[PDB]
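A.B. asks: Input: one structure, supplied below.
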Amino acid sequence: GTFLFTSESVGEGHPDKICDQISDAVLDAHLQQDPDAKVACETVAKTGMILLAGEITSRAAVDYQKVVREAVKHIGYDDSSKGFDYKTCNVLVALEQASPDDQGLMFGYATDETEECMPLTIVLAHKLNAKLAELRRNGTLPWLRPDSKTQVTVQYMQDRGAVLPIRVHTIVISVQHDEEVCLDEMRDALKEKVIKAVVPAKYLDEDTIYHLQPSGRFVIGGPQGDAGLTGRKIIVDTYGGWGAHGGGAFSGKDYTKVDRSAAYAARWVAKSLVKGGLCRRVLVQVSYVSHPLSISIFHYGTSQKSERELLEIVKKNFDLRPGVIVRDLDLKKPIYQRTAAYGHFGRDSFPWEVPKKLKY
Amino acid sequence: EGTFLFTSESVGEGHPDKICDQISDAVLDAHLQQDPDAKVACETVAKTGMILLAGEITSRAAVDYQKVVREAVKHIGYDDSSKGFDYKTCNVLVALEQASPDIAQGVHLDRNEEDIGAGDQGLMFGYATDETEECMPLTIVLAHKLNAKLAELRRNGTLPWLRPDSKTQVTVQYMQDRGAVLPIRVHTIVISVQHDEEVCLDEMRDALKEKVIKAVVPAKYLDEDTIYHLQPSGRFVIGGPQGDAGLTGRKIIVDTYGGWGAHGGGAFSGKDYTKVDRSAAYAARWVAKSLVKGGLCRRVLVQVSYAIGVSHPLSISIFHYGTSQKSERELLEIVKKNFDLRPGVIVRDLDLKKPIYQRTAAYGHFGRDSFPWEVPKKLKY
Ligand SMILES: C[S@@+](CC[C@H](N)C(=O)[O-])C[C@H]1O[C@@H](n2cnc3c(N)ncnc32)[C@H](O)[C@@H]1O
Ligand SMILES: [K+]
Ligand SMILES: [Mg+2]
Ligand SMILES: [Mg+2]
């Protein structure tokens with residue numbers, strides 16, 4: 001009675017994530033000037049090209065040059081030797097901006113297996129990419145480049161529906177590098193200076209499988225290696241394969257799109273229930289008229305209470321009308337670029353990650 | 001054990017996201033018809049008056065991209081500016097390069113058919129369920145089949161005022177049974193479809209209920225209380241790309257299990273078999289259907305995972321929702337004796353170098369009659 005489970009994550013310089021950041025950077029630029037701006041911005045990236053397409057209703061007037069190039073500068077693509085460069089890339093704008101003059105099924109999920117209230121597979125996957133970026137920027141590993149991917153397999157057991165992480169079974173890391181460092185040195189660095197500094201020692205053992213630079217070469221990367229598009233990392237963005245997904249992407253959409261804000265809300269509910277002591281693992285499902293059509297709470301058997309009883313607690317403590325959601329969570333503020341890498345869930349930076357006290 | 005509600009969505013060929021998925025695979029088919037070993041990774045972008053291709057291709061084939069793209073827009077049904085898009089007069093822009101030499105040395109160069117490494121890392125899921133002969137959730141089968149009937153009646157002349165863009169949503173009421181799910185009745189149906197200027201809504205809502213819903217949803221799930229939302233936002237004369245943006249790989253829940261099971265995040269369209277995103281998801285579906293159709297369980301989830309350059313899987317997991325005599329560990333062992341989930345062997349069993357892929361790009365990749373991953377394998381145990 002044990003099982004395995006896997007999740008991936010992706011660095012700031014991954015081509016799909018580059019577009020998620022540019023998309024949310026534009027949303028922030030518009031909101032900074034017009035709190036009621038309406039945005040649906042798609043980004044596309046390939047060798048030498050950043051392209052902006054979509055619709056916007058907004059009083060603002062945005063410098064898309066400074067917006068795109070500053071973000072590419074932050075990510076770290078600044079020379080042709082790296083495959084991309086913010087000073088010399090082509091910035092094409094096909095957006096349609098006007099002056100002012102949906103429904104769905106969304107999911108929330110939470111698990112008491114970590115402080116982040118998130119599956120250990122994805123938490124670890126995210127943190128490894130953050131560590132790569134941190135050692136690249138501070139000088140510790142100057143051969144590292146911005147494009148990276150990680151994935152983590154954990155061996156678990158059950159206990160009345162809750163999941164208990166036993167060991168890390170397999171870790172993958174592929175990362176774009178410069179032309180001077182050799183293969184042995186890279187695999188050594190990845191294990192000793194990145195993995196061992198990120199994964200708690202209790203999860204590591206002599207049996208753990210390492211696939212470090214498995215392709216054997218990764219000089220060509222970024223958009224030159226692989227075309228990038230907004231909203232192509234929706235599982236990296238959310239629960240790593242756990243829980244569920246209704247199917248909408250987050251980046252480049254404003255708060256009036258229920259796909260984003262109601263999804264955040266459902267995470268908020270799920271995290272509140274677990275941290276409130278009511279269950280150890282939970283799925284929240286909101287069906288969508290401003291009041292939601294239906295709500296069901298699946299606790300996997302980890303609550304003394306019944307599922308009817310939890311619904312009652314939820315209804316007595318929360319108002320999930322998109323209008324009210326937007327007020328309580330403060331979603332008109334320009335804080336969206338921060339969400340676009342390392343996951344929108346399980347970071348102690350955002351309003352929907354602060355649990356609510358439940359009076360019942 | 002107690003009833004609940006679930007909804008799935010589907011979209012028509014003329015929805016801007018699905019346009020991109022279809023073009024991507026039409027480009028893949030063009031290449032495979034000439035070179036079965038072509039490596040293709042084609043992304044499509046769609047917006048007011050433009051189709052753009054961006055991505056990577058290594059192929060011995062010669063392809064006329066303008067011809068391939070415009071033919072598919074015609075096939076979809078956009079031939080005039082009054083519909084919001086015209087294949088004769090749109091802008092087609094091409095940014096397609098060779099695949100990275102770094103990738104190729106790591107994956108395929110100097111290796112056997114069976115021993116080619118995975119094209120990328122990632123995770124993927126298979127799902128199946130005895131609630132239909134299709135072995136698919138009823139919510140998503142119905143939503144897809146509604147969009148199929150719409151395109152059928154539009155194309156053959158039965159309702160010639162219909163246009164290419166549409167969205168459907170189907171809500172079903174369910175009860176549990178020892179972990180399995182039992183579809184009882186349909187609670188809500190929602191349909192918007194693009195139409196010609198010259199038709200009235202009243203008449204249109206009537207054809208939708210009578211020629212479309214009634215001919216697709218078995219009568220047993222239809223009752224006095226079933227809520228119908230037909231053309232709920234009124235007239236819908238202009239559709240597709242016009243005033244809208246769309247991308248390849250943006251309808252990945254629609255493409256698969258309509259909210260049910262799980263997803264790993266890999267898009268299907270525009271990718272040849274060496275992308276495990278496609279090949280391994282197709283195989284996972286094959287496994288899951290075989291386990292259910294073999295009588296070994298009533299509902300099942302299957303996970304796999306890969307690392308770039310490595311042929312073998314990094315992990316395999318089976319979840320039966322409590323619907324089996326045998327344990328989950330017992331079911332894993334049966335899978336391991338019966339299947340070889342190396343991509344260089346999946347290609348052979350499912351025949352994945354054949355140019356069949358434009359068919360998969362609307363109305364779901366699963367629950368389809370003729371696709372190889374839907375013919376269940378007889379299992380030895
Ligand atoms: C490997 S590619 C897959 C598809 C690719 N476009 C193709 O033409 O085959 C996707 C991701 O893998 C990572 N990657 C790119 N080149 C790589 C290499 N040589 N080795 C390992 N990973 C790589 C990048 O982060 C990239 O975003
Ligand atoms: K890509
Ligand atoms: Mg991608
Ligand atoms: Mg992926």
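In the structure tokens, chains take the letters A, B, ... in the order shown, each chain's residues start at 1, and ligands count up from 1 in the order shown.
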Taking only C-alpha atoms and all ligand atoms into account, which residues have an atom no farther than 7 Å from ligand 3? I'd like them as a CSV table (one decimal) with N, CA, C and O atoms, in the first residue's frame.
C.D. replies:
```
chain,number,residue,atom,x,y,z
A,16,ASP,N,7.4,29.4,-22.8
A,16,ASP,CA,6.0,29.5,-22.4
A,16,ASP,C,5.8,30.5,-21.2
A,16,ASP,O,4.9,31.3,-21.2
A,227,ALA,N,9.3,27.5,-29.5
A,227,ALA,CA,8.2,28.5,-29.5
A,227,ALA,C,7.5,28.6,-28.1
A,227,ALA,O,7.2,27.5,-27.5
A,228,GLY,N,7.1,29.8,-27.7
A,228,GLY,CA,6.4,30.0,-26.5
A,228,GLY,C,5.1,30.7,-26.6
A,228,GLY,O,5.0,31.6,-27.5
A,229,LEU,N,4.1,30.3,-25.9
A,229,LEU,CA,2.8,30.9,-25.9
A,229,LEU,C,2.2,31.1,-24.5
A,229,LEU,O,2.4,30.2,-23.6
A,232,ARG,N,0.1,28.1,-21.7
A,232,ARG,CA,0.5,26.7,-22.0
A,232,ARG,C,1.2,25.9,-20.9
A,232,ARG,O,1.7,24.8,-21.0
```
A.B. asks: Write out as a ChimeraX atom specification which residues come within 7 Å of residue 319 of chain B when counting only C-alpha atoms, dropping same-chain ones fewer than 2 positions away.
C.D. replies: /B:300-302,317,321,328
A.B. asks: Go ahead and write the selection's residues with C-alpha atoms as a PDB file, in the first residue's frame.
C.D. replies:
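Final output, saved to result11.pdb:
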```pdb
ATOM      1  CA  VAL B 300      -9.716   4.190 -13.554  1.00  0.00           C
ATOM      2  CA  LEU B 301      -6.945   6.821 -13.570  1.00  0.00           C
ATOM      3  CA  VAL B 302      -3.433   6.216 -14.952  1.00  0.00           C
ATOM      4  CA  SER B 317       0.573   4.845 -11.089  1.00  0.00           C
ATOM      5  CA  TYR B 321     -11.555   4.899  -7.187  1.00  0.00           C
ATOM      6  CA  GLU B 328      -4.041  -0.792  -7.071  1.00  0.00           C
TER       7      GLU B 328
END
```
A.B. asks: Closest to chain B among A:160, A:211, A:202, A:126, using only C-alpha atoms?
C.D. replies: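 The shortest atom-to-atom distance to chain B comes from A:211.
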A.B. asks: Report as JSON lines the residues of chain A within 6 Å of chain B, each with its shortest atom pair and distance in Å (one decimal), using only C-alpha atoms, ordered by chain and increasing residue number.
C.D. replies:
```
{"residue": "A:54", "atom": "CA", "partner": "B:245", "partner_atom": "CA", "distance": 5.2}
{"residue": "A:215", "atom": "CA", "partner": "B:106", "partner_atom": "CA", "distance": 4.4}
{"residue": "A:217", "atom": "CA", "partner": "B:102", "partner_atom": "CA", "distance": 5.8}
{"residue": "A:225", "atom": "CA", "partner": "B:100", "partner_atom": "CA", "distance": 5.7}
{"residue": "A:227", "atom": "CA", "partner": "B:55", "partner_atom": "CA", "distance": 5.2}
{"residue": "A:235", "atom": "CA", "partner": "B:265", "partner_atom": "CA", "distance": 5.3}
{"residue": "A:241", "atom": "CA", "partner": "B:264", "partner_atom": "CA", "distance": 5.5}
{"residue": "A:244", "atom": "CA", "partner": "B:262", "partner_atom": "CA", "distance": 5.9}
{"residue": "A:246", "atom": "CA", "partner": "B:259", "partner_atom": "CA", "distance": 5.3}
{"residue": "A:247", "atom": "CA", "partner": "B:253", "partner_atom": "CA", "distance": 5.5}
```
A.B. asks: Considering only C-alpha atoms, can you say which of B:347, B:214, B:296, B:134 comes closest to residue 330 of chain B?
C.D. replies: B:296
A.B. asks: Restricting the calculation to only C-alpha atoms and all ligand atoms: of B:78, B:221, B:268, B:65, which residue gets closest to ligand 2?
C.D. replies: B:268
A.B. asks: Rank nothing, just name the residue among B:289, B:312, B:354, B:278 nearest to ligand 4, using only C-alpha atoms and all ligand atoms.
C.D. replies: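 Of B:289, B:312, B:354, B:278, the one nearest ligand 4 is B:278, counting only C-alpha atoms and all ligand atoms.
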A.B. asks: From a backbone DSSP assignment, name each residue in segment 156-241 of chain A labelled alpha helix (DSSP H), as a PyMOL selection string.
C.D. replies: chain A and resi 183-189+222-225+234-237
A.B. asks: Give the strand (DSSP E) residues of segment 147-262 of chain B, as DSSP finds them on the backbone, and put them as a count of residues only.
C.D. replies: 39
A.B. asks: For residue 319 of chain A, please output as a ChimeraX atom specification all residues within 12 Å (counting only C-alpha atoms; exclusion window: fewer than 2 positions along the same chain).
C.D. replies: /A:262,265-266,268-269,290-292,313-317,321-329
A.B. asks: Produce a file of the selected residues containing N, CA and C atoms, as an mmCIF file, in the first residue's frame.
C.D. replies:
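Saved the output as part.cif:
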```
data_model
loop_
_atom_site.group_PDB
_atom_site.id
_atom_site.type_symbol
_atom_site.label_atom_id
_atom_site.label_comp_id
_atom_site.auth_asym_id
_atom_site.auth_seq_id
_atom_site.Cartn_x
_atom_site.Cartn_y
_atom_site.Cartn_z
ATOM 1 N N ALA A 262 -12.357 33.668 -9.562
ATOM 2 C CA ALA A 262 -13.080 32.572 -8.884
ATOM 3 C C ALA A 262 -12.209 31.338 -8.612
ATOM 4 N N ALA A 265 -10.319 32.310 -5.535
ATOM 5 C CA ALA A 265 -11.315 32.153 -4.472
ATOM 6 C C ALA A 265 -11.484 30.710 -3.995
ATOM 7 N N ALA A 266 -11.586 29.768 -4.926
ATOM 8 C CA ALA A 266 -11.717 28.349 -4.592
ATOM 9 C C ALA A 266 -10.486 27.791 -3.887
ATOM 10 N N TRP A 268 -8.592 29.747 -1.941
ATOM 11 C CA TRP A 268 -8.838 30.424 -0.655
ATOM 12 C C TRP A 268 -9.726 29.592 0.280
ATOM 13 N N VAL A 269 -10.833 29.082 -0.255
ATOM 14 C CA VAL A 269 -11.788 28.290 0.525
ATOM 15 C C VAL A 269 -11.115 27.010 1.031
ATOM 16 N N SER A 290 -25.177 36.015 -10.157
ATOM 17 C CA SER A 290 -23.925 36.265 -9.428
ATOM 18 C C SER A 290 -23.643 35.203 -8.354
ATOM 19 N N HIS A 291 -24.669 34.751 -7.618
ATOM 20 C CA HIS A 291 -24.517 33.609 -6.687
ATOM 21 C C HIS A 291 -24.227 32.293 -7.465
ATOM 22 N N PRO A 292 -23.301 31.442 -6.957
ATOM 23 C CA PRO A 292 -22.939 30.192 -7.654
ATOM 24 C C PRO A 292 -24.058 29.153 -7.684
ATOM 25 N N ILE A 313 -20.751 25.302 6.604
ATOM 26 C CA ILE A 313 -19.675 26.146 7.150
ATOM 27 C C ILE A 313 -19.212 27.137 6.081
ATOM 28 N N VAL A 314 -19.060 26.621 4.860
ATOM 29 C CA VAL A 314 -18.619 27.425 3.726
ATOM 30 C C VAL A 314 -19.620 28.550 3.469
ATOM 31 N N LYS A 315 -20.904 28.197 3.380
ATOM 32 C CA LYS A 315 -21.969 29.179 3.088
ATOM 33 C C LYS A 315 -22.077 30.245 4.179
ATOM 34 N N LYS A 316 -21.957 29.826 5.444
ATOM 35 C CA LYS A 316 -22.001 30.751 6.584
ATOM 36 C C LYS A 316 -20.757 31.677 6.666
ATOM 37 N N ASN A 317 -19.627 31.318 6.037
ATOM 38 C CA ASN A 317 -18.411 32.170 6.096
ATOM 39 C C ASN A 317 -17.941 32.914 4.827
ATOM 40 N N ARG A 321 -19.802 35.567 -4.835
ATOM 41 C CA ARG A 321 -20.236 36.391 -5.947
ATOM 42 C C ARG A 321 -18.990 37.139 -6.427
ATOM 43 N N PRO A 322 -18.618 36.936 -7.706
ATOM 44 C CA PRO A 322 -17.450 37.512 -8.363
ATOM 45 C C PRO A 322 -17.226 38.954 -7.997
ATOM 46 N N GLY A 323 -18.315 39.714 -7.889
ATOM 47 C CA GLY A 323 -18.281 41.095 -7.420
ATOM 48 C C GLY A 323 -17.662 41.293 -6.044
ATOM 49 N N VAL A 324 -18.074 40.459 -5.095
ATOM 50 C CA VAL A 324 -17.636 40.535 -3.690
ATOM 51 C C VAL A 324 -16.223 39.942 -3.510
ATOM 52 N N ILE A 325 -15.999 38.815 -4.191
ATOM 53 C CA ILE A 325 -14.676 38.180 -4.323
ATOM 54 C C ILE A 325 -13.573 39.197 -4.663
ATOM 55 N N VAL A 326 -13.833 39.990 -5.691
ATOM 56 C CA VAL A 326 -12.901 41.002 -6.178
ATOM 57 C C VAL A 326 -12.583 42.057 -5.086
ATOM 58 N N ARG A 327 -13.593 42.446 -4.308
ATOM 59 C CA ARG A 327 -13.419 43.387 -3.190
ATOM 60 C C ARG A 327 -12.569 42.805 -2.058
ATOM 61 N N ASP A 328 -12.958 41.632 -1.549
ATOM 62 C CA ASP A 328 -12.290 41.022 -0.377
ATOM 63 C C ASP A 328 -10.837 40.671 -0.675
ATOM 64 N N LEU A 329 -10.563 40.231 -1.898
ATOM 65 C CA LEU A 329 -9.210 39.793 -2.256
ATOM 66 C C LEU A 329 -8.343 40.920 -2.841
#
```
A.B. asks: Check which residues of segment 258-324 of chain A sit at most 7 Å from segment 80-104 of chain A using only C-alpha atoms, and return one row each with the closest pair of atoms and their distance in Å to one decimal, ordered by chain and rising number, as JSON lines.
C.D. replies:
```
{"residue": "A:258", "atom": "CA", "partner": "A:102", "partner_atom": "CA", "distance": 6.9}
{"residue": "A:287", "atom": "CA", "partner": "A:104", "partner_atom": "CA", "distance": 6.1}
{"residue": "A:288", "atom": "CA", "partner": "A:103", "partner_atom": "CA", "distance": 5.2}
```
A.B. asks: Quick one: write out the picked residues with N, CA, C and O atoms as a JSON list (two decimals), in the first residue's frame?
C.D. replies:
```json
[["chain", "number", "residue", "atom", "x", "y", "z"],
["A", 258, "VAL", "N", -13.93, 35.40, -14.66],
["A", 258, "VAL", "CA", -14.19, 34.46, -13.52],
["A", 258, "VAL", "C", -13.20, 33.27, -13.47],
["A", 258, "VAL", "O", -12.83, 32.81, -12.38],
["A", 287, "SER", "N", -19.75, 25.52, -9.16],
["A", 287, "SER", "CA", -20.53, 25.62, -10.40],
["A", 287, "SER", "C", -21.12, 27.05, -10.49],
["A", 287, "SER", "O", -21.58, 27.59, -9.48],
["A", 288, "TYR", "N", -21.08, 27.66, -11.68],
["A", 288, "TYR", "CA", -21.76, 28.95, -11.94],
["A", 288, "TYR", "C", -22.92, 28.85, -12.97],
["A", 288, "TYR", "O", -22.75, 28.36, -14.10]]
```
A.B. asks: Record the distance separating atom CA of residue 128 of chain A and atom CA of residue 242 of chain A, expressed in Å with one decimal.
C.D. replies: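 Those two atoms sit 19.3 Å apart.
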A.B. asks: Figure out the distance between atom CA of residue 349 of chain B and atom CA of residue 25 of chain B, please, to one decimal in Å.
C.D. replies: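 If I compute the distance from atom CA of residue 25 of chain B to atom CA of residue 349 of chain B, I get 20.8 Å.
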